[PDB]
Amino acid sequence: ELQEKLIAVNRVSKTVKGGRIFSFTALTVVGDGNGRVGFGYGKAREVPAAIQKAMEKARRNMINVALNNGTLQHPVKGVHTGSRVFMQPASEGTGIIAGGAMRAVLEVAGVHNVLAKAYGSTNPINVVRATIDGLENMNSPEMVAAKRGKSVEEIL
Amino acid sequence: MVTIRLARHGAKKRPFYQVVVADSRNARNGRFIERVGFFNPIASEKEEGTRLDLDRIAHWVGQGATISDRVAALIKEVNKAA
Amino acid sequence: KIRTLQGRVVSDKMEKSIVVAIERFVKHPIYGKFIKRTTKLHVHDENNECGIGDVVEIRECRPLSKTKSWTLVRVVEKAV
Amino acid sequence: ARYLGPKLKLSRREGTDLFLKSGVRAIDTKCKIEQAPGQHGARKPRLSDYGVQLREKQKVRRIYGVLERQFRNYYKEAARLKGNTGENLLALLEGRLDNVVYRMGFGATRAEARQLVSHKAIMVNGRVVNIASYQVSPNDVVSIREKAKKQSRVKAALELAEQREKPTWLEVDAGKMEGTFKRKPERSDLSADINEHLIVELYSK
Amino acid sequence: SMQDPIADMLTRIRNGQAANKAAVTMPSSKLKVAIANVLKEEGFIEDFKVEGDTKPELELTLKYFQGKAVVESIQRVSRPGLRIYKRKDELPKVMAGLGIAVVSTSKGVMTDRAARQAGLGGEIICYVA
Amino acid sequence: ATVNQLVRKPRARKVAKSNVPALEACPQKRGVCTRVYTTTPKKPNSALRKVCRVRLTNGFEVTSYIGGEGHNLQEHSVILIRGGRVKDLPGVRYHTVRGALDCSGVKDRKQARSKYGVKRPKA
RNA sequence: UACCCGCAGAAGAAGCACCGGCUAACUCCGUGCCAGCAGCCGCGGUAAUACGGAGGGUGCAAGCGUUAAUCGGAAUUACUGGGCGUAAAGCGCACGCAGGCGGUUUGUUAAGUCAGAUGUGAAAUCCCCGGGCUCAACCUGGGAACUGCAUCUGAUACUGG
RNA sequence: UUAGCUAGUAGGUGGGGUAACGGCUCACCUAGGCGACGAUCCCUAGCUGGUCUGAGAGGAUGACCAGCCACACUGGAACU
Ligand SMILES: [Mg+2]
Ligand SMILES: [Mg+2]
Ligand SMILES: [Mg+2]
Ligand SMILES: [Mg+2]
Ligand SMILES: [Mg+2]
Ligand SMILES: [Mg+2]
Ligand SMILES: [Mg+2]
Ligand SMILES: [Mg+2]
Ligand SMILES: [Mg+2]
Ligand SMILES: [Mg+2]
Ligand SMILES: [Mg+2]
Ligand SMILES: [Mg+2]
Ligand SMILES: [Mg+2]
Ligand SMILES: [Mg+2]
Ligand SMILES: [Mg+2]
Ligand SMILES: [Mg+2]
Ligand SMILES: [Mg+2]
Ligand SMILES: [Mg+2]
Ligand SMILES: [Mg+2]
Ligand SMILES: [Mg+2]
Ligand SMILES: [Mg+2]
Ligand SMILES: [Mg+2]
Ligand SMILES: [Mg+2]
Ligand SMILES: [Mg+2]
Ligand SMILES: [Mg+2]
Ligand SMILES: [Mg+2]
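Chains as they are written, first to last, in this note's numbering: chain A, 1 to 156; chain B, 1001 to 1082; chain C, 2001 to 2080; chain D, 3001 to 3205; chain E, 4001 to 4129; chain F, 5001 to 5123.
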């Protein structure tokens, strides 16, 4: 029931006395079709072990995102280390207008109508961290109503 | 002199005439002062093919503007319908 | 009700004529900042009655000269 | 300006049936519907995200028989029109005349409905209409005219339409060989395998 | 120099929240009072109080929900280097209406929502979100 | 970056020069072959690239690559260049159009025939 | 002339680019750092999915490619929307005119600002709701819009005087 | 990597002149005028409604249609 997407695989290296040792890294993201999203980053000498370590870490360290019906709640921004990221709630059925890693993370996030833009570095690890930070700090009308101590109708 | 006349603004073989108020030295489809309606000779049934603001037309005629032969025909056809 | 403007008097050396700095205050069309912009006008004055640094109130009239199409109505803030 | 080649090659590439043949004989009998066409057809490569957006748009095009410039203009119109863009895109494809002829079962395939339109066998509100892409407003009647009413392939297509599922938004009277486009269909009225958001994301780069 | 007290007010709020300070004090003003009036009415601070006669000190009692701060973001919009005036149609919606925009209007300082209901705009002081 | 600094000196853009200046914003230019010859490419490659020195019509003297296998190009030959550089040649910025005004199509070429000016081979 | 009716018979009517990655789509045979490709990374030295042909496939389609040119992507002149310890970037330091900015209170002004009204902002164009050509392109009715400027009537929080 | 420019020049009186104001012209008088908010000089260029692109702000542009301006072998002049 948790849909799982790998974003990108990459071969890294490590130079030793014998020569170059190659390894593989895997960036996977999981989600429940709702606000529960979580990513993982595994690494091994072999690709199925790296995707399995990534899905293993992604199934835990899940994060909860207060969605609306199928879209966001307010235009939110997210940063991590190279990637300022803008995302915006959109009308019904305009699709996921997003780049690379953000399409996979919002698709398993269960969003369906976004207008996104990734500025800066588009490294999938940091931009998926920047989207996780943006969706995590996106706040609902209930949370702001309980916070300000007013009703939702007093907030409009 | 100032005149009241048609102005060919249509497709090919399917004309449509804006009845405008213009200085007669200007071009046909060119510079004009006031557009006082239209006429469609290929007007279908159940649509208007003639509409003239006769209060403005009588205002410019009170100013001394002349009327073309077809415009005076369309004023006749309005004053026969009404 | 007639349209009139005000401004400092820049120079008064030529007779029956003064130069008036009208300093309008417009917004920049791109950056949104409000920038003071200065406009010089040659103003006809009878009697050479104005001085430098004087505030004046002017109206637009028929062209008295080549560069002069403005005539004052009255003087405010005469002194330094 | 039409695709005239093999149709099951298209259904083999898309992987599913596109109803490009009448359905009398089973498609698994007429072709290997589970194998892509060509020499290297048995292999299934890891198809990319642009690949699945292309295969979805080529599915919907190869269903309705619409070329790319026209399917682009339908996207421009569906994005201009209010509401869901993909749903308006499907409502326009379902508003096509050769589709209404197929859904009423006057032609066995959408191509045969197209040929009846092109061969002046369809009257819309009494007037003969020759264009496949004529938009059909709601509360419109659409009939076989008198001369082509005595065709064999017409009542054979109505036989296969009785074998097929009845659309809710229409109301056909097979004796007079006419029908009535009552309303535009809902998305729930249509098929559920079409992912219209992949097309919107394709034309929304 | 102290060119801007309102941005000093907002910065003392923002650093007070980040420092988990209970109260934040500052030199008072008629505008700083009207802004703390708005922030109290809209629910971001508990209470304000101005004391003293010759040099008054405005004290703001901050508000904390579930440990962390209520005021997630607070920003100065119009500044002495760049003033911002808006008409009633182009008033902003902070956080799709969840945050507020403190607007100075001819009928006093109010939020952007009350500026729309009053049918008149003015100078945007700050975005509070 | 201060708005006053941008008021006093605005953000000026970068006027990008064209890497095909002899065309003079034209798609193709007629030239006359001055010298037809070969050139060795850069160090990673190794070939004999067929390239001609052309006096153009507008007055310029540019060199131009001759694509495809085989060419009937001579001196005092009237060709049509179209723009487009060869990476692995220093100073060649243009391509001759094969099948234009003196140049022949590639002999016995059956794929990409319009990129080389070759008629459809009837069976 | 549009348009309509009749005749005869599938007849008289499909091509172009591409298939290493970006970028949808693979095998074989020649070939041997030659011939050649090429937008970038890069291919070719005897098993080339990268050259040339073939088979197959993919994208478009009475068009398809190439070239030129503009914007975009490029937040890569950054107002919206960037930076300056080490990646490009803080003048060697300071005083200081013009310029930019300016603590707090009251009163007044109404310049800026905000609201309303009037005039104007040609028509066409764009957009919305419709109408007409068998549909569409197209033509067209009405409206909105033209984000502007001027004048007047008001408001006085903010800025200015 | 154009910083100074200007003597009908800037203004005044009067005469002439034009359909009409006016250095428009002329005599006389004064010594002004413009300019760092870029004068002068150089290169380029018809302007707009608009068009293309762009989410927008913006960028580029001004073919067709419509409005204004300018020219009619080149340089000049006047007549009706
Ligand atoms: Mg770890
Ligand atoms: Mg970067
Ligand atoms: Mg008649
Ligand atoms: Mg076509
Ligand atoms: Mg639409
Ligand atoms: Mg591929
Ligand atoms: Mg081989
Ligand atoms: Mg290739
Ligand atoms: Mg660019
Ligand atoms: Mg830019
Ligand atoms: Mg930078
Ligand atoms: Mg260094
Ligand atoms: Mg450095
Ligand atoms: Mg230093
Ligand atoms: Mg102050
Ligand atoms: Mg005041
Ligand atoms: Mg005012
Ligand atoms: Mg107003
Ligand atoms: Mg208009
Ligand atoms: Mg219609
Ligand atoms: Mg004051
Ligand atoms: Mg005289
Ligand atoms: Mg006289
Ligand atoms: Mg010129
Ligand atoms: Mg942009
Ligand atoms: Mg002449």
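We put the beta carbon where it would ideally sit given N, CA and C, even for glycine.
Excluding the 5 residues preceding and the 5 following residue i in the sequence, name in chain order all residues of the same chain whose CB lies nearer than 7 Å to its CB.
i                       : result
residue 1051 of chain B : 1037 and 1038
residue 20 of chain A   : 13
residue 152 of chain A  : 141, 142 and 145
residue 91 of chain A   : 113
residue 3182 of chain D : 3138, 3139, 3169, 3170 and 3171
residue 5102 of chain F : 5077, 5078 and 5079
residue 3035 of chain D : 3012, 3041 and 3042
Is it the case that the Cβ atoms of residue i and residue j are separated by a distance below 7 Å?
i                       : j                       : result
residue 3056 of chain D : residue 3195 of chain D : yes
residue 2042 of chain C : residue 2071 of chain C : no
residue 3098 of chain D : residue 3072 of chain D : no
residue 71 of chain A   : residue 48 of chain A   : no
residue 2034 of chain C : residue 2027 of chain C : yes
residue 5106 of chain F : residue 5065 of chain F : no
residue 3092 of chain D : residue 3074 of chain D : yes
residue 3177 of chain D : residue 3144 of chain D : yes
residue 93 of chain A   : residue 3086 of chain D : yes
residue 4063 of chain E : residue 4084 of chain E : no
residue 159 of chain A  : residue 85 of chain A   : Only positions 1 to 156 of chain A appear in this structure, which leaves residue 159 of chain A out of reach.
residue 24 of chain A   : residue 50 of chain A   : yes
residue 4041 of chain E : residue 4100 of chain E : no
residue 5068 of chain F : residue 5098 of chain F : yes
residue 4121 of chain E : residue 4115 of chain E : yes
residue 3058 of chain D : residue 3202 of chain D : no
residue 3108 of chain D : residue 3160 of chain D : yes
Return the chain-ordered list of same chain residues with a C-beta closer than 8 Å to the C-beta of residue i, the five sequence neighbours on each side being excluded.
i                       : result
residue 4057 of chain E : 4025, 4026, 4027, 4028, 4050 and 4051
residue 4007 of chain E : 4076 and 4079
Can you tell me whether residue i is buried or exposed, with buried defined as 16 or more other CB within 10 angstroms of its CB?
i                       : result
residue 3198 of chain D : buried
residue 1071 of chain B : buried
residue 4112 of chain E : buried
residue 109 of chain A  : buried
residue 3014 of chain D : buried
residue 2031 of chain C : exposed
residue 5 of chain A    : buried
residue 4971 of chain F : An answer regarding residue 4971 of chain F cannot be provided, because it is not within the stretch 5001 to 5123 covered by chain F.
residue 87 of chain A   : buried
residue 121 of chain A  : exposed
residue 2061 of chain C : exposed
residue 2073 of chain C : exposed
residue 2038 of chain C : exposed
Near residue i, what residues of its chain come up, given a Cβ to Cβ distance below 6 Å and the 5 sequence neighbours on each side ignored?
i                    : result
residue 7 of chain A : 27, 101, 104 and 124
In chain order, what are the residues with a CB under 7 Å from some non-hydrogen atom of ligand 2? A:120 and A:121
Ligand 5: which residues have Cβ under 5 Å from any of its heavy atoms, chain order? D:3078, D:3079, D:3080 and D:3081
I'd like to know if the segment 2038 to 2052 of chain C and the segment 3015 to 3022 of chain D are in contact, where contact means that at least 3 CB-CB pairs between them fall below 8 Å. no
With a cut-off of 8 Å, do at least 3 Cβ pairs link the segment 60 to 79 of chain A to the segment 130 to 144 of chain A? A contact between stretches requires three or more CB pairs, one per stretch, nearer than 8 Å, and the segment 60 to 79 of chain A meets this requirement with the segment 130 to 144 of chain A.
Meets three-Cβ-pair contact criterion under 8 Å: the segment 5029 to 5039 of chain F and the segment 5075 to 5088 of chain F: yes
I'd like to know if the segment 5004 to 5015 of chain F and the segment 5034 to 5046 of chain F are in contact, where contact means that at least 3 CB-CB pairs between them fall below 8 Å. no
Would you list the residues whose beta-carbon is nearer than 7 Å to any heavy atom of ligand 4, in the order they occur in the chain? D:3001 and D:3069
Tell me, please, whether the segment 2005 to 2018 of chain C touches the segment 1019 to 1029 of chain B by the rule of three or more beta-carbon pairs shorter than 8 Å. no
Taking one C-beta from the segment 3133 to 3152 of chain D and one from the segment 3185 to 3192 of chain D each time, how about it: are there three or more such pairs within less than 8 Å? no
Spell out a yes or no on whether the segment 1001 to 1013 of chain B and the segment 4094 to 4110 of chain E are touching, meaning 3 or more CB-CB pairs, one atom from each, closer than 8 Å. The segment 1001 to 1013 of chain B vs the segment 4094 to 4110 of chain E: no contact.
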